[PDB]
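Next up: just one chain, as structure tokens, the form deposited in one PDB entry.
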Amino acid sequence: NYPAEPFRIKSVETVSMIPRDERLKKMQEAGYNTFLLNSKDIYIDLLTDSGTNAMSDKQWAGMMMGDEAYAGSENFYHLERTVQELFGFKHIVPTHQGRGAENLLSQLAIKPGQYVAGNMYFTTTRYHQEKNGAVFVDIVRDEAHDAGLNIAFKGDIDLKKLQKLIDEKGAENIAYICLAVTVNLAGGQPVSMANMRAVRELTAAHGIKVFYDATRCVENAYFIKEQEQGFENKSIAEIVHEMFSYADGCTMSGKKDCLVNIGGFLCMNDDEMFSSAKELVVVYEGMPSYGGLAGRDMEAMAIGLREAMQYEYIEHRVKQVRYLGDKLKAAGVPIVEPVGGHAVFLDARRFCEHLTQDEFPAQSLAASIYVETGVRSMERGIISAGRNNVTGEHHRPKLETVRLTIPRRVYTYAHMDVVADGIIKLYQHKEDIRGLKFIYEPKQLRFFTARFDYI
């Protein structure tokens, strides 16, 4: 049911291993805000699955072969090639990370007042659309928004909302379709291949462009392989290449499924767009030949993209998350379902039924997980949603979650046990989890630096 690691450990990253009593002082010193803890004081850092991947020995042999020419670097050539071969986009511009590609895609493909429609959104992506004049429309299935509904391919687009958007608004005024795989906001839910093929035939008919937010495309490809009829004899690399055939381009963040600690890229097939991309790339990132990346990082991303296609790697990655989700669900701990490709989201509202959302249950639960286990998790509730500065009132988000985001090839099943066991013991005396009040609240970006105290 749960595979052993399809790799050996080559090098370890040592941890201090501080006791509960010292962890509580550390948590207090951070103001009960896990964003303020130091990296050194944390055993298992599940804050994000972004850029904290463990690289292979081959990736580190790439790291010493960094040809750092400004232009003409063999690292750029090898990255271009790999992405062309694997994803099949004609052109490819390297960027420092996913949000660097996003910035470029939104400046090049949006006319003010056009609509951008996708399957739910991701913060940096919506920002760049919106800052360029687009109106974002969510055309995800309604079922994606029910956080307990256990259905498959929950990130698919409603073709029926897709159609009415074109009828009602006009294909002309639709900038592009932003299809994301997986759907982060629904908890890392996969998009079926049928869904992607349907979306491309509808949009093609009406002349509409489709651009993929492909940050976790390889976790998506595993779901298709695991769960869609017809892909049982297909390889992950075949599924990934078919996926990108229903798209005109994509913004990718290597920090997610590329198994690197930095790097992203923009791909497109349009030669015209590509020439415009090239001029805009030099102001924001660096020349078209390196895009704000050191050569050794283009190489390591190249080797990573290829390493991610190994079935055994992506199966264990995804099933290592599911392991954690299964163990929590088995004990009755409330989570978002079905468990996604990269994280387990605890539902803090249900976990902490005694607390109201003003007493910051997700934030407080996330503080407690650190003290009990030495595991850092991230608040994804009311604190992260911010205050409405018109009214002054918090924005009250429907989802009041603590996210357990798993970096790739860093932790073992024993580390998941540590996590699961602490959360289970906490669930068993859930009523004893206190509420938090701010003792310090920033104007902007409050989740980052807010500090709190117990009520």
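Definition used throughout: the rigid core is the maximal C-alpha set that superposes within 1.5 Å between two forms. Sequential numbering from 1, following the sequence displayed.
Just so it is clear, the following notes concern the form deposited in another entry, a form of the same protein that is not shown.
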query: Answer among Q129, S368, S384, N184 for the CA shift between the shown form and the other one that reaches 2 Å or more, rigid core superposed; finding: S384
query: After fitting the core, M63 CA displacement of 2 Å or more between the shown form and the other one; finding: no
query: Core superposition between the shown form and the other one, C-alpha change of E400 at least 2 Å; finding: yes
